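Undergrad: Quick one, start03.cif (mmCIF, C-alpha atoms):
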data_model
#
loop_
_atom_site.label_atom_id
_atom_site.label_comp_id
_atom_site.auth_asym_id
_atom_site.auth_seq_id
_atom_site.Cartn_x
_atom_site.Cartn_y
_atom_site.Cartn_z
CA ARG A 37 108.94 131.82 123.83
CA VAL A 38 108.58 129.86 127.08
CA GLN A 39 109.99 130.73 130.53
CA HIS A 40 110.13 128.69 133.74
CA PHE A 41 109.84 129.84 137.35
CA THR A 42 109.92 128.17 140.75
CA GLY A 43 108.92 129.68 144.07
CA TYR A 44 107.29 129.24 147.47
CA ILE A 45 104.00 130.57 148.83
CA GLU A 46 103.57 131.25 152.53
CA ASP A 47 100.17 131.88 154.15
CA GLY A 48 98.64 133.30 150.98
CA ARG A 49 101.44 135.74 150.06
CA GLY A 50 101.59 136.19 146.31
CA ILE A 51 104.49 136.68 143.90
CA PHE A 52 104.51 139.28 141.11
CA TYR A 53 106.01 138.84 137.65
CA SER A 54 106.49 141.64 135.11
CA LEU A 55 106.24 141.31 131.31
CA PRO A 56 107.76 144.52 129.94
CA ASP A 57 106.87 146.05 126.58
CA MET A 58 104.39 143.67 125.02
CA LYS A 59 102.85 144.52 121.66
CA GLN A 60 99.26 144.65 120.46
CA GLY A 61 97.83 141.28 119.41
CA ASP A 62 100.15 139.26 121.65
CA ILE A 63 98.64 136.22 123.37
CA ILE A 64 99.89 135.14 126.81
CA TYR A 65 99.73 131.54 128.03
CA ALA A 66 100.16 130.43 131.64
CA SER A 67 100.25 127.19 133.61
CA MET A 68 100.84 126.65 137.34
CA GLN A 69 101.16 123.25 139.01
CA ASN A 70 101.60 121.98 142.58
CA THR A 71 104.97 120.41 143.40
CA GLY A 72 104.70 120.17 147.20
CA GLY A 73 102.39 120.92 150.11
CA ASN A 74 98.66 121.63 149.84
CA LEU A 75 98.95 124.55 147.42
CA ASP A 76 95.99 125.30 145.17
CA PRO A 77 97.29 127.59 142.41
CA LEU A 78 95.62 130.82 141.32
CA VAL A 79 96.82 132.98 138.41
CA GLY A 80 95.82 136.56 137.61
CA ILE A 81 96.97 139.39 135.36
CA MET A 82 96.71 143.18 135.78
CA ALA A 83 98.05 146.36 134.23
CA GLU A 84 99.38 148.22 137.28
CA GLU A 85 100.99 146.27 140.12
CA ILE A 86 98.84 146.38 143.27
CA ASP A 87 98.74 144.01 146.24
CA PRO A 88 95.64 141.77 146.05
CA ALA A 89 95.95 140.89 149.75
CA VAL A 90 93.66 143.68 150.96
CA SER A 91 90.62 142.64 148.89
CA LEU A 92 91.15 138.90 149.38
CA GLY A 93 91.15 139.55 153.12
CA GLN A 94 87.64 140.95 152.79
CA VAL A 95 86.72 137.79 150.88
CA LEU A 96 88.09 135.69 153.72
CA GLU A 97 86.37 137.76 156.43
CA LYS A 98 82.89 137.07 154.98
CA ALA A 99 82.90 133.46 156.22
CA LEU A 100 79.56 133.70 158.01
CA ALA A 101 76.59 133.64 155.59
CA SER A 102 75.75 134.75 152.05
CA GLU A 103 74.19 133.63 148.80
CA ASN A 104 77.04 131.59 147.32
CA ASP A 105 79.09 132.85 150.24
CA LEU A 106 82.49 131.95 148.72
CA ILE A 107 82.35 131.21 145.01
CA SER A 108 80.30 134.19 143.89
CA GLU A 109 82.22 136.57 146.13
CA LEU A 110 85.59 135.34 144.89
CA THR A 111 84.44 135.52 141.26
CA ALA A 112 83.18 139.09 141.66
CA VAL A 113 86.37 140.29 143.34
CA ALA A 114 88.59 138.51 140.80
CA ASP A 115 86.64 139.85 137.82
CA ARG A 116 87.18 143.33 139.16
CA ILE A 117 90.85 143.08 140.28
CA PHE A 118 92.23 141.14 137.29
CA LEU A 119 91.60 141.45 133.57
CA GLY A 120 91.86 137.66 133.32
CA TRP A 121 92.24 134.79 135.75
CA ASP A 122 91.84 131.03 136.11
CA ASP A 123 91.43 128.80 139.18
CA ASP A 124 91.04 125.21 137.88
CA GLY A 125 91.81 124.60 134.21
CA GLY A 126 94.33 121.76 134.16
CA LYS A 127 94.41 118.23 135.52
CA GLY A 128 93.20 118.50 139.11
CA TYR A 129 93.58 121.85 140.86
CA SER A 130 96.20 123.25 138.44
CA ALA A 131 95.61 126.42 136.45
CA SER A 132 95.82 127.19 132.74
CA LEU A 133 95.07 130.65 131.36
CA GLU A 134 95.07 132.29 127.92
CA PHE A 135 94.92 136.09 127.62
CA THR A 136 95.39 138.28 124.55
CA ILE A 137 97.18 141.60 125.08
CA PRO A 138 94.74 144.44 124.25
CA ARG A 139 97.19 147.32 123.60
CA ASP A 140 100.86 148.35 123.77
CA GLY A 141 102.22 148.50 127.28
CA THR A 142 103.71 146.53 130.14
CA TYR A 143 101.70 144.12 132.31
CA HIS A 144 102.19 142.09 135.49
CA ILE A 145 101.54 138.39 136.17
CA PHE A 146 100.41 137.41 139.68
CA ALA A 147 100.89 133.95 141.18
CA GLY A 148 99.44 132.78 144.46
CA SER A 149 96.88 130.63 146.25
CA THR A 150 93.11 130.61 146.03
CA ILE A 151 90.59 130.20 148.85
CA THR A 152 89.60 126.55 149.27
CA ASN A 153 88.20 124.04 151.76
CA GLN A 154 90.09 120.84 152.61
CA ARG A 155 87.85 119.33 155.30
CA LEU A 156 84.69 117.20 155.35
CA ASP A 157 83.77 117.45 159.04
CA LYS A 158 83.30 121.25 158.89
CA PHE A 159 83.57 124.14 156.45
CA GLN A 160 86.55 126.47 156.96
CA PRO A 161 87.93 128.45 153.99
CA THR B 162 73.57 85.57 133.39
CA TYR B 163 75.01 88.76 131.94
CA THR B 164 78.46 90.14 132.78
CA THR B 165 79.93 93.49 133.81
CA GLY B 166 83.25 95.24 133.43
CA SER B 167 85.39 97.46 131.24
CA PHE B 168 86.27 96.91 127.59
CA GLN B 169 88.46 98.20 124.77
CA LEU B 170 86.84 98.73 121.36
CA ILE B 171 88.78 98.87 118.08
CA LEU B 172 86.86 99.76 114.94
CA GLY B 173 88.35 99.93 111.46
CA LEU B 174 87.31 101.02 107.98
CA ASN B 175 88.81 99.00 105.11
CA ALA B 176 91.74 98.07 107.37
CA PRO B 177 91.94 94.25 107.49
CA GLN B 178 94.67 94.52 110.11
CA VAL B 179 92.06 95.40 112.76
CA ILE B 180 90.90 91.77 113.09
CA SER B 181 94.41 90.86 114.23
CA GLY B 182 93.63 92.94 117.36
CA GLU B 183 96.73 95.16 117.02
CA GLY B 184 95.34 97.84 114.70
CA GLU B 185 96.84 101.21 115.62
CA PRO B 186 94.52 104.21 115.10
CA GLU B 187 95.06 105.99 111.80
CA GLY B 188 93.29 108.21 109.33
CA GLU B 189 90.35 110.51 110.03
CA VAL B 190 87.59 109.49 112.38
CA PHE B 191 84.33 108.01 111.12
CA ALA B 192 82.26 107.04 114.20
CA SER B 193 81.17 108.77 117.40
CA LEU B 194 79.14 108.05 120.49
CA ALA B 195 75.39 107.75 119.97
CA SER B 196 74.48 108.89 123.50
CA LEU B 197 75.88 112.38 122.92
CA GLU B 198 72.97 113.17 120.59
CA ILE B 199 70.21 112.97 123.23
CA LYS B 200 69.02 112.60 126.88
CA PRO B 201 68.55 109.50 129.12
CA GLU B 202 66.14 108.41 131.88
CA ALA B 203 65.61 109.58 135.47
CA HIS B 204 66.92 107.97 138.67
CA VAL B 205 65.43 108.90 142.05
CA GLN B 206 66.42 107.76 145.56
CA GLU B 207 64.94 108.81 148.92
CA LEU B 208 66.61 108.25 152.29
CA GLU B 209 65.79 109.01 155.94
CA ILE B 210 68.60 110.53 158.03
CA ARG B 211 68.94 111.49 161.70
CA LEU B 212 71.38 114.00 163.18
CA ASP B 213 72.26 112.88 166.71
CA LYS B 214 74.03 115.03 169.30
CA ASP B 215 77.46 113.65 168.35
CA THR B 216 76.59 113.01 164.67
CA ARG B 217 75.55 116.47 163.48
CA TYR B 218 77.60 116.19 160.26
CA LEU B 219 76.80 113.71 157.51
CA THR B 220 78.15 113.15 154.00
CA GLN B 221 77.15 110.84 151.15
CA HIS B 222 78.90 109.87 147.91
CA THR B 223 77.23 109.82 144.50
CA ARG B 224 77.89 107.69 141.44
CA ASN B 225 79.83 109.12 138.50
CA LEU B 226 78.02 111.64 136.29
CA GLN B 227 78.45 111.83 132.53
CA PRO B 228 78.96 115.22 130.83
CA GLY B 229 75.73 117.11 130.26
CA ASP B 230 73.85 115.47 133.13
CA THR B 231 71.92 117.33 135.81
CA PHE B 232 71.74 116.87 139.57
CA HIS B 233 68.94 117.84 141.98
CA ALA B 234 68.39 117.45 145.73
CA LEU B 235 66.04 118.60 148.46
CA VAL B 236 65.64 118.14 152.21
CA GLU B 237 62.37 118.19 154.21
CA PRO B 238 62.22 117.69 158.00
CA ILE B 239 59.91 115.11 159.49
CA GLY B 240 58.55 117.49 162.14
CA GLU B 241 59.52 120.70 163.95
CA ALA B 242 63.24 120.13 163.46
CA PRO B 243 65.16 123.23 162.34
CA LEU B 244 66.24 123.43 158.72
CA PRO B 245 69.86 122.26 158.24
CA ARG B 246 72.37 123.60 155.75
CA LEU B 247 73.01 121.92 152.41
CA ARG B 248 75.95 122.12 150.02
CA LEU B 249 77.61 120.17 147.22
CA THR B 250 81.32 119.40 146.87
CA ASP B 251 83.46 117.10 144.74
CA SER B 252 85.55 114.19 146.11
CA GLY B 253 88.29 116.59 147.20
CA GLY B 254 86.02 119.09 148.86
CA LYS B 255 85.97 121.85 146.26
CA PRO B 256 82.62 123.64 146.61
CA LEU B 257 80.28 123.52 143.61
CA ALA B 258 76.81 124.55 144.80
CA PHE B 259 74.93 125.72 147.88
CA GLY B 260 71.37 125.18 149.04
CA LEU B 261 68.66 127.80 148.54
CA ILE B 262 65.83 128.31 151.02
CA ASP B 263 62.48 128.53 149.28
CA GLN B 264 59.99 131.30 149.94
CA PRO B 265 57.76 128.72 151.71
CA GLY B 266 60.64 128.14 154.10
CA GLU B 267 60.10 124.49 154.88
CA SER B 268 62.66 122.91 152.51
CA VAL B 269 66.13 123.55 151.08
CA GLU B 270 66.96 122.68 147.46
CA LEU B 271 70.09 122.38 145.32
CA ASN B 272 70.94 122.14 141.63
CA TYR B 273 74.05 121.46 139.52
CA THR B 274 75.08 120.60 135.96
CA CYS B 275 77.99 118.50 134.68
CA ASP B 276 80.82 119.99 132.59
CA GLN B 277 83.83 117.72 133.10
CA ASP B 278 84.30 114.31 131.51
CA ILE B 279 83.83 112.54 134.87
CA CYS B 280 82.34 114.18 137.97
CA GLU B 281 82.22 112.61 141.42
CA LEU B 282 79.90 114.41 143.83
CA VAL B 283 79.52 114.49 147.62
CA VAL B 284 76.42 115.81 149.39
CA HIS B 285 76.90 117.52 152.77
CA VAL B 286 74.09 117.90 155.31
CA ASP B 287 75.00 119.59 158.60
CA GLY B 288 73.04 121.08 161.48
CA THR B 289 76.01 122.34 163.52
CA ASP B 290 74.80 125.93 163.61
CA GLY B 291 75.68 126.12 167.30
CA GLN B 292 76.12 123.71 170.20
CA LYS B 293 72.48 123.00 171.09
CA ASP B 294 71.66 119.40 172.01
CA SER B 295 68.33 119.25 170.21
CA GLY B 296 68.20 115.47 170.45
CA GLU B 297 66.66 113.24 167.83
CA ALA B 298 66.02 115.52 164.86
CA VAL B 299 65.16 113.55 161.71
CA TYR B 300 64.97 114.77 158.11
CA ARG B 301 63.85 113.40 154.74
CA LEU B 302 66.37 113.63 151.88
CA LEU B 303 65.30 113.30 148.25
CA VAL B 304 67.87 113.11 145.46
CA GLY B 305 67.63 112.54 141.73
CA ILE B 306 69.65 112.38 138.53
CA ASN B 307 68.11 113.80 135.34
CA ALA B 308 64.88 114.18 137.34
CA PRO B 309 63.81 117.83 137.43
CA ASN B 310 60.34 116.92 138.80
CA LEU B 311 61.71 116.01 142.24
CA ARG B 312 59.21 118.38 143.86
CA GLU B 313 56.31 116.08 142.86
CA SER B 314 57.87 112.77 141.86
CA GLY B 315 54.70 110.68 142.24
CA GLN B 316 56.37 107.48 141.10
CA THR B 317 58.23 105.31 143.58
CA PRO B 318 62.08 105.48 143.37
CA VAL B 319 62.94 104.31 139.82
CA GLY B 320 66.17 103.57 138.00
CA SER B 321 68.87 103.01 140.51
#
Once more with this new file: its structure as structure tokens, please.
TA:
Amino acid sequence: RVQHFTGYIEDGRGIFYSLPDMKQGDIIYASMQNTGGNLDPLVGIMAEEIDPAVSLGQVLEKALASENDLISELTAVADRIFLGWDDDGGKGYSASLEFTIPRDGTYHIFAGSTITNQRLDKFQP
Amino acid sequence: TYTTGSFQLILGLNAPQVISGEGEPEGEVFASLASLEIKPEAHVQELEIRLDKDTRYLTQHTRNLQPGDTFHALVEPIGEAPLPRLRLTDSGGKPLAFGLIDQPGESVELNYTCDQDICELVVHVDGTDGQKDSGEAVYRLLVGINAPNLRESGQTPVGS
């Protein structure tokens, strides 16, 4: 049971996908790859649909100084927002996630872009 | 002299077609790498670097790391130069580690371990905290592979 999607991400604006009426014991598989631009994929899953932009903005605003100023902050926020997520699992910067459905219910699949650095002269997430 | 380069190895068990050099893999495996059972030797390199007014950012590239290896680094200024920032990124810039300031705040250290099959690492040293023209600040950089005693090496740079 495999489905395909294609979309476009603009300035870190995510896209939601709904998986209605899954049953207990079901295992979900996901893979997201870059087909154009500088996109770095990020995949997350959650029970109730809520915009992750507000919290990820706080992650972006703390670009001054911290212990593991980016990676630890992003991991903490992601572990709280999503029940499962994956940043880099495939070949390169592509994502690959496996998640088993705990109970009976409907869930949502979130696709978007992570916070990365693409410069060697200075650091700018 | 000896020779260097890449090679392809074909090993067979009771398959006399291997010696023809066209033996396609078959069956269940019978051999594995010997290095995966244990740990190798240490390699240490020390370099002197200077951050000029227009050269406040510097990057270096490291050789390929096998899975399971460890990486260590530390920076110590020659004199009264302020402590710069230290971080570790791959060849594409993805951050992997950040430098920690020790309680005797005169050096910054870093540590990392290898998970992927091949890892290429880049070490960033930058003192662009502001726009001050401090002048001729010079620091000592010590790096090592599978060398956790970098704090007190004692031996001269060994290995490679």
Undergrad: Could you tell me which of B:307, B:220, B:225, B:206 comes closest to residue 158 (chain A) if we count all atoms listed in the file?
TA: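 When distances to residue 158 (chain A) are compared using all atoms listed in the file, the smallest one comes from B:220.
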Undergrad: Wanna dump the chain B-chain A contacts at 9 Å for me, each residue with its shortest atom pair and the distance in Å to one decimal, counting all atoms listed in the file, ordered by chain and number, as a tab-separated table?
TA:
residue	atom	partner	partner_atom	distance
B:218	CA	A:157	CA	6.4
B:219	CA	A:157	CA	8.1
B:220	CA	A:156	CA	7.8
B:253	CA	A:154	CA	7.1
B:254	CA	A:154	CA	5.8
B:255	CA	A:153	CA	6.3
B:256	CA	A:153	CA	7.6
B:257	CA	A:107	CA	8.1
B:258	CA	A:104	CA	7.5
B:259	CA	A:104	CA	6.3
B:260	CA	A:104	CA	8.7
B:261	CA	A:103	CA	8.0
B:285	CA	A:156	CA	8.2
B:287	CA	A:158	CA	8.5
B:289	CA	A:158	CA	8.7
Undergrad: Looking at A:110, A:147, A:101, A:47, which one is nearest to residue 246 (chain B), with distances taken over only C-alpha atoms?
TA: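 Ranked by minimum distance to residue 246 (chain B), first place goes to A:101.
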Undergrad: Got a sec to check which residues sit within 10 Å of (73.7, 115.4, 165.9), counting all atoms listed in the file, and write them as an mmCIF file with C-alpha atoms, in the coordinates of the input?
TA:
data_model
loop_
_atom_site.group_PDB
_atom_site.id
_atom_site.type_symbol
_atom_site.label_atom_id
_atom_site.label_comp_id
_atom_site.auth_asym_id
_atom_site.auth_seq_id
_atom_site.Cartn_x
_atom_site.Cartn_y
_atom_site.Cartn_z
ATOM 1 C CA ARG B 211 68.940 111.490 161.700
ATOM 2 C CA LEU B 212 71.380 114.000 163.180
ATOM 3 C CA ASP B 213 72.260 112.880 166.710
ATOM 4 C CA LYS B 214 74.030 115.030 169.300
ATOM 5 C CA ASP B 215 77.460 113.650 168.350
ATOM 6 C CA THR B 216 76.590 113.010 164.670
ATOM 7 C CA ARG B 217 75.550 116.470 163.480
ATOM 8 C CA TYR B 218 77.600 116.190 160.260
ATOM 9 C CA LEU B 219 76.800 113.710 157.510
ATOM 10 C CA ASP B 287 75.000 119.590 158.600
ATOM 11 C CA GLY B 288 73.040 121.080 161.480
ATOM 12 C CA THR B 289 76.010 122.340 163.520
ATOM 13 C CA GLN B 292 76.120 123.710 170.200
ATOM 14 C CA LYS B 293 72.480 123.000 171.090
ATOM 15 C CA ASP B 294 71.660 119.400 172.010
ATOM 16 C CA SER B 295 68.330 119.250 170.210
ATOM 17 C CA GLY B 296 68.200 115.470 170.450
ATOM 18 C CA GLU B 297 66.660 113.240 167.830
ATOM 19 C CA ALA B 298 66.020 115.520 164.860
ATOM 20 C CA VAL B 299 65.160 113.550 161.710
#
Undergrad: In the coordinate frame of the file, compute which residues have an atom within 10 Å of (97.5, 123.6, 145.6) when using only C-alpha atoms, and state them as an MDAnalysis selection string.
TA: chainID A and resid 68:78 128:131 148:150 152
Undergrad: Please identify all polymer residues within 9 Å of residue 204 (chain B), counting all atoms listed in the file, omitting same-chain residues fewer than 5 positions from it, and present them as a list in words.
TA: residues 304, 305, 306, 307, 308, 318, 319, 320 and 321 of chain B
Undergrad: Quote the spacing between CA of residue 268 (chain B) and CA of residue 96 (chain A) in Å to one decimal place.
TA: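 A separation of 28.5 Å between them.
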Undergrad: Taking the file as shown, what set of residues would the PyMOL selection byres ((chain B and resi 271-277) around 9) give back, as a list in words?
TA: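 Matching residues under the PyMOL selection byres ((chain B and resi 271-277) around 9) are residues 226, 227, 228, 229, 230, 231, 232, 233, 234, 235, 247, 248, 249, 257, 258, 259, 260, 261, 269, 270, 278, 279 and 280 of chain B.
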Undergrad: Would you translate the PyMOL selection byres ((chain B and resi 239) around 8) into the concrete set of residues it matches in this file, as a PDB file with C-alpha atoms, in the coordinates of the input?
TA:
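That gives us result_20.pdb:
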ATOM      1  CA  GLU B 237      62.370 118.190 154.210  1.00  0.00           C
ATOM      2  CA  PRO B 238      62.220 117.690 158.000  1.00  0.00           C
ATOM      3  CA  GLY B 240      58.550 117.490 162.140  1.00  0.00           C
ATOM      4  CA  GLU B 241      59.520 120.700 163.950  1.00  0.00           C
ATOM      5  CA  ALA B 242      63.240 120.130 163.460  1.00  0.00           C
ATOM      6  CA  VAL B 299      65.160 113.550 161.710  1.00  0.00           C
ATOM      7  CA  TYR B 300      64.970 114.770 158.110  1.00  0.00           C
ATOM      8  CA  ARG B 301      63.850 113.400 154.740  1.00  0.00           C
TER       9      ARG B 301
END
Undergrad: So what do you get for CA of residue 317 (chain B) versus CA of residue 208 (chain B), distance-wise?
TA: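 If I compute the distance from CA of residue 317 (chain B) to CA of residue 208 (chain B), I get 12.4 Å.
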Undergrad: Please report the interatomic distance between CA of residue 314 (chain B) and CA of residue 267 (chain B) in Å with one decimal.
TA: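 These two atoms are separated by 17.7 Å.
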Undergrad: Is it possible to get the axis-aligned box enclosing region 239-253 of chain B (all listed atoms, 4 Å extra per side) as AutoDock Vina command-line options, with centre and edge lengths in Å rounded to one decimal?
TA:
--center_x 73.4 --center_y 118.9 --center_z 154.3 --size_x 37.7 --size_y 17.4 --size_z 27.2
Undergrad: Could you tell me, as JSON, numbers by chain, exactly which residues end up selected when the PyMOL selection byres ((chain A and resi 139) around 12) is applied to this structure?
TA: {"A": [57, 58, 59, 60, 61, 62, 63, 83, 136, 137, 138, 140, 141, 142, 143]}
Undergrad: Which residue, B:190, B:168, B:224, B:203, has the smallest gap to residue 310 (chain B) when you use only C-alpha atoms?
TA: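 Smallest separation from residue 310 (chain B) among the options: B:203.
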Undergrad: For residue 40 (chain A), which residue out of A:114, A:55, A:66, A:86 is the nearest one, using only C-alpha atoms?
TA: A:66
